[PDB]
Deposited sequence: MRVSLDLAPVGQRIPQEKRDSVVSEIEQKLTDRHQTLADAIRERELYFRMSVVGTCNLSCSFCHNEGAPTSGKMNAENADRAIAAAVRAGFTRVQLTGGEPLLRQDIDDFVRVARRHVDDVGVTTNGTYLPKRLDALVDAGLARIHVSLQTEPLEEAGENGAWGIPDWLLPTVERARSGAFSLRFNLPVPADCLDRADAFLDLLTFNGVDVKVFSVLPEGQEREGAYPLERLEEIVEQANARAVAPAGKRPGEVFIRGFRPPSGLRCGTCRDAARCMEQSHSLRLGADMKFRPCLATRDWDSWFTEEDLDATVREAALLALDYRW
């Protein structure tokens, strides 16, 4: 728990730090490329803090329209639909349509299993991005002889993305003993125009140097047919948090996210940070513009 006067004191410091830079809230959002990450689905009983709960009835198309509109007025130009599995809800394309009314950059982070059922409706709604969180086991099963392959239920999304319908990216976990399988697997993804974000998984330090080399090699090997651009592989470099709050934040050692964003969970809880809950705020039925702005001000506080 954080006293409101301490939260007010911190928010005032962020606003003062912005004026010291001759900067507005929207300019700081643009400089940090901060986006709005709205979780439209909650997963139940999902290991180190608590168990999850289903989606709140307030997480609906109407409130999503208010939250995105308030976020755009605060300075956000991109919305990403997330959660446990956003494609689990049948009205997922409704949220893409709502977000498309306020910004052009609407994306979805999904596990991909529901893409065959939802693909056409998402493109009709004008979805711009699809990020698929891959798992090692389906890649092994989709391949043969131990090599990794693309699961069947992802191929139509891959081809539709290569045709310019939307941007597609795969999040590829690479365990320590799978550097050679991931190396060859990156060729399949880049050839089909799929961007890849690789990251490490799991005594015995991780071979992080060779994985970085594999990324550089896979980008240099990248070829693509029909004069198209091949997919781009990249791995995020670590950088410690350095905001005003991070110096005395009990979770600073576990704050490793490099793509920062203002979050709105399926429980109507705004989250300026991922590693700590101290700065969360509630979704309000009144004065939503000021509530979104205050949470967005705290969302900047990680790098100055």
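Not built in the structure, per the record, are deposited positions 1-12, 59-61, 218-223.
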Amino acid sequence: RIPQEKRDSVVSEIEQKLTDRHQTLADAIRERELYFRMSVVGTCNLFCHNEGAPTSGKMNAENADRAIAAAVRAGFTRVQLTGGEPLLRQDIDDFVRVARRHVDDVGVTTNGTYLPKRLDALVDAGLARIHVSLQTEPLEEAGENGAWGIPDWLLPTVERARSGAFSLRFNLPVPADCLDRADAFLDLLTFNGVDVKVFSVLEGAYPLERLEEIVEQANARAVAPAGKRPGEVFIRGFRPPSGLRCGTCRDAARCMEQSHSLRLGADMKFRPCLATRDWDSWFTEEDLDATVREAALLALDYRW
From here on, numbers count along this sequence of modelled residues.
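Annotation for 187-195 versus 173-181: the higher mean temperature factor (C-alpha) is found in 173-181.
In this entry, 94-102 shows the higher mean Cα temperature factor of the pair 94-102 and 130-138. Per the deposited record, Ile29 carries the highest C-alpha B-factor of all listed residues (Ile29, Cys246, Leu262, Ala253). Per the deposited record, the Cα B-factor of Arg160 falls in the lowest third when ranked against the other modelled residues of its chain.
Looking at the C-alpha B-factors along this chain, the one for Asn111 belongs to the lowest third. In the deposited entry, the Cα temperature factor of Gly83 sits in the middle third of values across the chain's modelled residues. Among the modelled residues of its chain, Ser200 has a C-alpha B-factor that falls in the middle third according to the deposited record.
Residue-level temperature factors show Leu274 in the lowest third of its chain, judged at the C-alpha atom.
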